[PDB]
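To start, the structure itself, in C-alpha cells.
FYI, it's all coordinate maths here, none of it is from the lab. Because the Cβ atoms are built from the backbone with ideal geometry, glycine has one as well, and the counts that use them run over all protein chains shown.
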RNA sequence: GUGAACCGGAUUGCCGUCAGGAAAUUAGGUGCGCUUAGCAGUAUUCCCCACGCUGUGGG
Ligand SMILES: [Mg+2]
C-alpha cells in the first residue's frame, strides 16, 4: 500500500517484496526492512545474493551503486530466460 | 610499518576464518580484515600523551 | 565496596607458563581439560613492570612479608577444550630431532579490589587509593607474561571488559561449564562473550556494571538488553567511569 | 524431517532432460546460468513457502547436482559412513587403507561450497564397488548442519562401527 | 505553446522471453500513470535524479494531457506508437531512465504552434468515448429468477443505436449533434474500430487498528474500470478560430485522463 | 582474615639436499502431442461533483 504498488527500480507494478536486512525474523517485522519490487528485479537481486555471504544486510534498490549491476542482470534475464520452463513446472 | 613504545600484535584479525566469496580474492579480504582490526585498535586503546604513526 | 573486573582476551600460539616437565599449565573444568595461566603469573607479570610504575604504592595493593594486600587475582581459564601440540626442531652446524610444545586458547580472567582495605592502608588517603586502582587498571589491561615471547611473539590485545560493583565477590567461571563449539556463523570470541551474556542476564531474574569494547566491536548481549549499565569505547573512558562511580574523581 | 522428504521425492520425480541440465552445471554456481536457476526455483520455492525448515539454497543446489550425477536409489539405512566402512575391509591394510582413509577424512577441512569434488570421487568409488542404495535424506540433514562438531562426530563413528564388523 | 511527443514499442519478436514493455500496455491505468511521472517537481528532480525512491502522487506537477495509442506499422517489424500532447515540456529522460527495455527507439519531442483560417479543409483522427448517462432500474441476484428493487440507478452506459440503423450513421449523428458547439462541421466520417477498454486500479482499504496506534494496517483492493471506445477518421472544416483552438488541447469527449480525447489534425 | 598470609620454571635450536602412475576399450538397438475456440451490431460502465428530471467536468 505504501509504495503505491510501484517497483522501486523500474516503477512497474509491485508483486513481491525483498528484505533489506534480517535483524528480526517471523515474530516481529517493522515495515522498514521491506521494499516493493516486481518479478524481474526480485530474480535479479536474488541471483546477486547466491554467493555473497553478507548474511544480515541485503541489497538496497534505493542505493544507486547497485543500479548498473541490476540493470545488466535484468538485460541478461530478458536475453536468456525461457518462459515455458517457468510454466509447466518440471 | 609502525612505531610503538609497547609491542602490539595484530594476529587476532583472523580469529574468524576467511571464506572466499565470488567477488574478491583471499588477499584483498585478508588485508581488509587486517585493516578493520587495525582501525578498531587505533580507535580503541589510544593515549594522547604517546600518539603513534605509521 | 568491592570493584570486580571481568576480562576476556584471546592469545596467539605460544607458551607463557610451563611446569617442571615444561607443559602448558592446565586445570580441569566442565568434564574436560582446560588451558591455564597461573594467577601467580599475572602477579609478577603486572607487578615489577615498567608501565605500572607511574605511604608507599605497590605495597598496599600487592603485599610483601600482616600486609593484608587488597588485590586478588584468580587463575585464568580457557573457554574451550585445551588443544596442545608439539613442534619438532633441529639444530644446524653451518659449515638429532628435539621437541618443543605450545598451546593456544582464549582466557577469561577476574580481578577484585577491596576499597576499604586500600583506603585503610593509605593512612586515610583517598585520591591515592583511586590513583593506584586506576594504575592497576591500565597495567592489567596492557600486560602479558614474559614467557617464550622471542620465538612466539604473542602480543595480543583484549576484546572486552565488564566492571562490577557487587556486594560480595562472585566470578562468572560457571558460565563456561559447557565448552564452546565454533559454528560457521560466528567465531570463538563472539560465542565466548555470548556465553558471558547468558549468565548475567540470569541471576537477577533468578547491581550495575560498566562495559567497554574497542570501538564497540562485539557488543555485550545479542539483543537490546540493559545487562550492562553503559557501553563505552575507550580504555581511558572506562577507567574514568570507574573513578566516577567511586566518586567525584578526575583522571 | 518433513520438507526434506518431499524435496528428495521431487528429485526422484525428475526425468531425463532435467537430470542432464543439472549434470551440465556441475562445478558452477547457479547465478550464471538461467535455466538451472529457473528449474531449481520451480522445484524448491513452494516448499520454502510452505515449510520453514526447507533446505538452504546452496545445500539443495549441491544435493541436486550430486543426485543428477550419480542417481542413487533412496533407501533408509544405506548412509555414507556405513557403506564406507563396509567397503574398507576388502583392501590391503598396508597400502590402500590409508589412501582411502585420507580421502574420507579430508571432508572435515572443507566447506559446502568446496564439497563437490570429494563427494564426486567418494560416490565414484561406491559406483565402482557395485552399490545401488544410499540414504540421501540423512546426507542432506547432516550437510545442512555440517558445521557442527557432533555431526561429523557421529560421522566417522558410524564409520568405525561399520568398519569394525 | 503545444508539445507533441512520440514513443515507440516493439510488441513482437520471440514470445518465449520476458517483454515488460509488451506487458505494460494491457492496463490503461498503468499506461496513464507511466506517462504521468514524466513531469517531476522542481524539488523532486533535485532530490532523486536517479528516480530510485518511492513514488508518491503529490511530488509531481498536475497537467491535463491527452494521448492515444496506435498500432499496425509495418516495414518487416511491428511497432506500437504513443502520442502525447501537453502544455508543459515532458521529461522523457527521467520517466524511462530505468525502463529502456520498454521501447525500441529513443523518445522524440517537438514544438507545435498550429495556426488556421476559417473554412479550411482538415483531416482528423479521433477515438471517442461513446457514453450516455441513463436511468436504469436495479436487477439483483439472477439466481434463475430475476428480483427487482425499486432503486433507479443514474449510471454512465454506452450509446445505443436501434436495430435498423448502421453504427456509422448513429456515430456520425452523435458527432454532428456536437460539432456546432465545438466549431466544426462534418462532410464524411466512417467507423474504423469499435470496442472496450479494461483497467484495474489500487485503492486503499482499512483492515485493523495498529496496536501502537497512529493509523491503520490497510490492504490494497482493486476496482474495475470499463469504457467504450470507437476509433474514427474523417475530414472536417473549421467554423471559428479561437473556437477550434478552444476545441484543441481541451478535449472533445469524456474520460480524458485515460486517453479518450485527442485530435490529430492534417491540412488536406 | 583459613597448614593460612608474602610467591613468574626462565634463558638456546633450518627437517636442507633423491623420484612420469603407465600401458588398451562404440553406450548402440524402437516411439504422431492428437481430436477446439469472433476482441464485437448494442440494451447496466467501478466511483465522485454540479445543474435539470439527459448534457458538461474529475478519477
Ligand atoms: Mg522491477
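Per-structure values
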{"item": "Some residue of the range D:42-56 being more than 14 Å from chain A (Cβ to nearest Cβ), surrounded by fewer than 19 Cβ atoms within 10 Å (Cβ to Cβ) and part of a loop (DSSP other than H, G, I, E, B)", "result": "no"}
{"item": "Counted residues, the range D:112-147 - those being exposed (fewer than 15 other Cβ atoms within 10 Å of the Cβ) and within 21 Å of residue D:53 (Cα to Cα)", "result": "1"}
{"item": "Any strands (runs of 3 or more DSSP E) falling wholly within the range E:57-159 and containing at least 1 residues that are away from RNA strand F (no atom under 16 Å from the Cβ) and away from chain A (no Cβ under 14 Å)", "result": "E:80-86, E:108-112, E:121-128"}
{"item": "Selection within the range C:154-207 - in a helix (DSSP H, G or I) and either in contact with a helix residue (DSSP H, G or I) (Cβ under 7 Å, 6 or more places away or on another chain) or loosely packed, with under 14 Cβ neighbours inside 10 Å (or both)", "result": "C:174, C:175, C:176, C:195, C:196, C:198, C:199"}
{"item": "Selected residue (only one of D:97, D:62 is within 14 Å of another protein chain (Cβ to nearest Cβ) and either under 30 Å from residue A:41 (Cβ atoms) or surrounded by fewer than 17 Cβ atoms within 10 Å (Cβ to Cβ) (or both))", "result": "D:62"}
{"item": "Residues satisfying the stated conditions in the range A:69-90, i.e. assigned to a loop (DSSP other than H, G, I, E, B) and more than 7 Å from every other protein chain (Cβ to nearest Cβ)", "result": "A:87, A:88"}
{"item": "Tally, over the range E:78-96, of residues that are under 23 Å from residue E:14 (Cα atoms) and in contact with a strand residue (DSSP E or B) (Cβ under 6 Å, 6 or more places away or on another chain)", "result": "4"}
{"item": "Residues satisfying the stated conditions in the range C:227-251, i.e. farther than 23 Å from residue C:193 by Cα, crowded, with 16+ Cβ neighbours inside 10 Å and more than 14 Å from every other protein chain (Cβ to nearest Cβ)", "result": "C:243, C:245, C:246, C:249"}
{"item": "Residues being surrounded by 15 or more Cβ atoms within 10 Å (Cβ to Cβ) and more than 14 Å from every other protein chain (Cβ to nearest Cβ) - total across the range C:212-226", "result": "2"}
{"item": "Residue within the range A:23-32 that is closer than 21 Å to residue E:24 by Cβ and either buried (at least 18 other Cβ atoms within 10 Å of the Cβ) or within 16 Å of the chain's Cα centre (by Cα) (or both) present", "result": "no"}
{"item": "Count of residues meeting criterion [within 24 Å of residue C:42 (Cβ to Cβ) and more than 10 Å from RNA strand F (Cβ to nearest atom)] in the range C:86-115", "result": "14"}
{"item": "Only listed residue being more than 18 Å from the chain's Cα centre (by Cα), buried (at least 19 other Cβ atoms within 10 Å of the Cβ), more than 9 Å from RNA strand F (Cβ to nearest atom) and under 18 Å from residue E:172 (Cβ atoms), chosen from E:263, E:236", "result": "E:236"}
{"item": "Output for the range E:31-56, where each listed residue is more than 10 Å from chain A (Cβ to nearest Cβ) and either more than 22 Å from the chain's Cα centre (by Cα) or not in a loop (DSSP other than H, G, I, E, B) (or both)", "result": "E:31, E:32, E:35, E:36, E:40, E:41, E:42, E:43, E:44, E:45, E:46, E:47"}
{"item": "Scope the range E:13-30; condition under 27 Å from residue E:259 (Cα atoms), facing chain A (nearest Cβ under 10 Å) and more than 12 Å from the chain's Cα centre (by Cα); matching residues", "result": "E:18, E:19, E:20, E:21, E:23, E:24"}
{"item": "The range E:239-260, subset part of a loop (DSSP other than H, G, I, E, B), within 15 Å of residue E:185 (Cβ to Cβ) and touching a strand residue (DSSP E or B) at 6+ places or on another chain (Cβ under 8 Å), residue farthest from RNA strand F (Cβ to nearest atom)", "result": "E:239"}
{"item": "The range A:10-68, residues that are at the interface with another protein chain (Cβ under 10 Å from one of its Cβ atoms), more than 10 Å from the ligand (Cβ to nearest atom), out of contact with any helix residue (DSSP H, G or I) (no Cβ under 7 Å at 6 or more places or on another chain) and not in a loop (DSSP other than H, G, I, E, B)", "result": "A:35, A:46, A:64, A:66, A:67"}
{"item": "Subset of the range D:12-35 (residues that are closer than 26 Å to residue D:146 by Cα, in contact with a helix residue (DSSP H, G or I) (Cβ under 7 Å, 6 or more places away or on another chain) and facing chain A (nearest Cβ under 10 Å))", "result": "D:30, D:31"}
{"item": "Residues satisfying the stated conditions in the range D:8-26, i.e. outside any helix (DSSP H, G or I) and surrounded by fewer than 17 Cβ atoms within 10 Å (Cβ to Cβ)", "result": "D:13, D:15, D:26"}
{"item": "Hits in the range B:5-35 - residues which are more than 9 Å from chain C (Cβ to nearest Cβ), in contact with a helix residue (DSSP H, G or I) (Cβ under 9 Å, 6 or more places away or on another chain) and part of a helix (DSSP H, G or I)", "result": "B:13, B:14, B:30, B:33, B:34, B:35"}
{"item": "Any chance residue A:3 is within 16 Å of the ligand (Cβ to nearest atom) and surrounded by fewer than 17 Cβ atoms within 10 Å (Cβ to Cβ)", "result": "no"}
{"item": "Top-ranked residue in the range C:39-57 [being within 30 Å of residue C:187 (Cα to Cα) and crowded, with 18+ Cβ neighbours inside 10 Å; ranked as farthest from RNA strand F (Cβ to nearest atom)]", "result": "C:46"}
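Let's see how each residue does on (1) within 11 Å of RNA strand F (Cβ to nearest atom); (2) within 21 Å of the chain's Cα centre (by Cα); (3) within 14 Å of chain A (Cβ to nearest Cβ):
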site: E:170; (1), (2), (3): yes, no, no
site: E:178; (1), (2), (3): yes, yes, no
site: E:191; (1), (2), (3): yes, yes, no
site: E:200; (1), (2), (3): yes, yes, yes
site: E:214; (1), (2), (3): no, no, yes
